[PDB]
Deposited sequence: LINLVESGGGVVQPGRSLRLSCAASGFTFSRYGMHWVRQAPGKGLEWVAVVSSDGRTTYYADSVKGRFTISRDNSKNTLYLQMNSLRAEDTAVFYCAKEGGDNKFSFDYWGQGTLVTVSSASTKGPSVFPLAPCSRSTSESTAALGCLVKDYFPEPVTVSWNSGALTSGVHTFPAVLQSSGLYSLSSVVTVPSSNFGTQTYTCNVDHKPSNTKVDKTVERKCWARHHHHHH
């Protein structure tokens, strides 16, 4: 019944801006205090800001004070977060949250989250390298230096799934991501790599 849907997230360079939105439905929006909570990659939940139901009161985490501005529209029932002077450390999934009906010190509904990536990295497709006496053998593909997330990896157009492990991507110091996809075997092996951001497509036979 109640629903919160966010949008506005995206990739941006340090010092620039972004405006996030959270459209509410299924409840009388104007009667509830609304918040923004973030979660940096691999970290826990972190409160960001709040705006009173009537929009007259706002409060911020010290780390965003003076840069971010929270506001709301009680006609279009939408919550906003204007983010200025963004830094690399602001990078995180941003969630809007509704103060609970039964208990306002809890968050009964959350938006799905929108990614805010603050980096000076350039949109780049990945280079795909092969990873080539024993009872079991391993092989795979090194999907290196791409940005931003995500990439999809399948083996033999999807026909091969057993024994496959596609690892979470890691942010190299260069600011570009890299990940490995492997398969163990006790046939031809081709990893299908797709990176939308750069409309890059590669089928690497290993």
Note to self, deposited ranges with zero CA coordinates are 133 to 138, 193 to 198, 219 to 231
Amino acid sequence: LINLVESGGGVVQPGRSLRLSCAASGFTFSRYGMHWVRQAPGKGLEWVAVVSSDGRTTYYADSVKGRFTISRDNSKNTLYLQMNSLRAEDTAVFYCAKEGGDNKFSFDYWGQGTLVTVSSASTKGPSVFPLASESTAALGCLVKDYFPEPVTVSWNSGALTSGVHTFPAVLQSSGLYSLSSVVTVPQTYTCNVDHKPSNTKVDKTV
From here on, numbers count along this sequence of modelled residues.
Is it true that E134 goes unbuilt in a third or more of the other compared entries of this protein?
yes
Compare the other PDB entries of this protein and indicate whether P186 is left unmodelled in at least a third of them.
yes
If you take the mean CA temperature factor per stretch, which one wins between 194 to 202 and 17 to 25?
194 to 202
Of the choices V48, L160, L139, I70, which one's C-alpha carries the largest B-factor in the record?
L160
When you compare the CA B-factors of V93, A97, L81, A88 as listed in the entry, which one comes out on top?
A88
Sorting by Cα B-factor within the chain, modelled residues only, which third would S135 end up in: lowest, middle or highest?
highest
Sorting by Cα B-factor within the chain, modelled residues only, which third would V183 end up in: lowest, middle or highest?
middle
Sorting the chain's CA B-factors, does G111 end up in the lowest, middle or highest third?
lowest
Can you tell me which third, lowest, middle or highest, the CA B-factor of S173 falls into for its chain?
highest
Record-listed C-alpha B factor of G42: chain third:
highest
